[PDB]
Amino acid sequence: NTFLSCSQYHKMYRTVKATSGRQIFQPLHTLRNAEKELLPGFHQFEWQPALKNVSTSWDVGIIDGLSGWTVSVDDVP
Amino acid sequence: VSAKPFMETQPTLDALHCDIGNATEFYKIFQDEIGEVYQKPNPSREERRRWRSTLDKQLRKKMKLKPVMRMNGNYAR
Amino acid sequence: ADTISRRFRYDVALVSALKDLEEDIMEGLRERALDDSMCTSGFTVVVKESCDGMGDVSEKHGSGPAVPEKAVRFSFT
Amino acid sequence: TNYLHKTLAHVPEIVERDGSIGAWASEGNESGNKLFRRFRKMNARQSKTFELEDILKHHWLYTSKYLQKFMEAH
DNA sequence: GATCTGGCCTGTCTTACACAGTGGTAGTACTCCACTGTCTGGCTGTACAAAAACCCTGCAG
DNA sequence: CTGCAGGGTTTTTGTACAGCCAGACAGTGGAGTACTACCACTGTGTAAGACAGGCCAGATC
Ligand SMILES: [Ca+2]
Ligand SMILES: [Ca+2]
């Protein structure tokens, strides 16, 4: 919510932990598996009836936006 | 001394480049040593580019270094 | 008189940097064990300096020229 | 060429008159330029009349033995 | 006399190469989970002295 | 006036029974959690080398 870099946050973290620090912020590493609870693709679910033409696999998250564009050159690029 | 100087300053040798003329000099040394430059005292551009290319393939073969156009620090080192 | 510049009263910049390194000079007088009511005068600080300029600096929201290109930063240490 | 004269020329005379070489190069400033850029990127006040004033303020802060000393980093 | 053309310089452009950054990853090393006893030092109910700097007061000058 | 010393005088200071419990010392078996350097990737500045064309010398027109 303040547009800080990961380098930025890590530096600030080490620094403040030096000063009177009982480790206050959390180390960068723990965020990278702390958002697995907030990003897409984490909470099981289903539908009735089953969803048409949309795979019933749920745990996936971010996906490249081409949806399998056959990479053949001569064809439509 | 042609123009009135204005700023007292004891100059010193640049510690940064400090090598680049030395580098290009050893490079010319190798290029003219693959040639017999004191046996043929004045060669034109053809044998120049020839010696360059064979020397650079030699360096890529034994020490594994690409040829370059300008000599930075690390290439000289 | 359009050329825009900012700087310091050189002497004041000095007295700032020196009043900073006060802590270190005092601790160093403590290691050397040199007396204090007798080290009040015979001091000598050596000053380095440098000056270069940056070419045609890139910036944001300057589609037209706002002379945001050249800068020469004169400094000391 | 120039550099060859310089190197085979006077190095002993300099290190005697001075006591070092690398301890007087301008390499430092060439690094510090990076700083300049970034500060202009992220702390200009959007007016060249005020820009350098702000940049200088922040840089001078960034180069105080005081504050780097508060950068223990243990 | 008045002009052509190589020999040479340099001012200008351009082009490879370097840093600069950033989120992700791997490799590494420094902090505790819990078991169990067990020693050390600073807290608590009054009493006795020891030091200490100002204040009075004697008496010396 | 002054300096100096017996005691005052109040404050400060340590030593003093007497019981209690926080806090630490070892180590175990290695997890594991924090840290530190790759790492894939291009944007930005940089400055060596093209180079051309302009100019002087050679020699000419
Ligand atoms: Ca420069
Ligand atoms: Ca520069």
So which of C:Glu31, C:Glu69, C:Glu27, C:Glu23 ends up being farther than 27 Å from D:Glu51 by Cα, surrounded by 12 or more Cβ atoms within 10 Å (Cβ to Cβ) and charged (D, E, K, R)?
-> C:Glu23
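In segment C:1-47, how many are assigned to a loop (DSSP other than H, G, I, E, B), within 11 Å of another protein chain (Cβ to nearest Cβ) and within 14 Å of the chain's Cα centre (by Cα)?
Of all residues in segment C:1-47, those assigned to a loop (DSSP other than H, G, I, E, B) come to C:1-9, C:32-47.
Then drop every residue that is not within 11 Å of another protein chain (Cβ to nearest Cβ), which leaves C:2-8, C:46.
From the residues that got through so far, the ones that are within 14 Å of the chain's Cα centre (by Cα) too are C:6-8, C:46.
Going through segment C:1-47 one residue at a time, the tally reaches 4.
What are the residues in segment D:19-50 that are of a type in the set (D, E, K, R) and in contact with a helix residue (DSSP H, G or I) (Cβ under 7 Å, 6 or more places away or on another chain), if any?
Scanning segment D:19-50 gives D:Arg40, D:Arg45.
Kindly establish whether B:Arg49 is away from DNA strand E (no atom under 13 Å from the Cβ) and out of contact with any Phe, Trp or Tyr (no Cβ under 6 Å at 6 or more places or on another chain). Give the derivation first.
Working: away from DNA strand E (no atom under 13 Å from the Cβ): yes; out of contact with any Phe, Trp or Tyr (no Cβ under 6 Å at 6 or more places or on another chain): yes.
The answer is yes for B:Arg49.
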Which residue out of D:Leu67, D:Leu56 is more than 17 Å from C:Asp52 (Cβ to Cβ), away from chain B (no Cβ under 14 Å) and free of Cβ contacts under 8 Å to residues at least 40 places away in the same chain?
-> D:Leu67
At least 2 residues that are within 26 Å of C:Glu59 (Cβ to Cβ) in each: list the helices (runs of 4 or more DSSP H) lying fully within segment D:1-67 that qualify.
-> D:27-43, D:48-62
Collect the residues in segment B:1-60 that are part of a loop (DSSP other than H, G, I, E, B), aliphatic (A, V, I, L, M) and either closer than 30 Å to D:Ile14 by Cα or in contact with a helix residue (DSSP H, G or I) (Cβ under 6 Å, 6 or more places away or on another chain) (or both), keeping them in residue-number order.
-> B:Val1, B:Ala3, B:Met7, B:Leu13, B:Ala15, B:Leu16
Could you list, in sequence order, all residues of segment D:13-53 that are more than 7 Å from every other protein chain (Cβ to nearest Cβ) and within 16 Å of DNA strand F (Cβ to nearest atom)?
-> D:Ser31, D:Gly32, D:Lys34, D:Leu35, D:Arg38, D:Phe39, D:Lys41, D:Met42, D:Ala44, D:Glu51
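We did not get these values from a lab; they are worked out from the coordinates using the rules stated. All Cβ positions, even for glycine, are placed from backbone atoms using ideal geometry, and neighbour counts span all protein chains on display.
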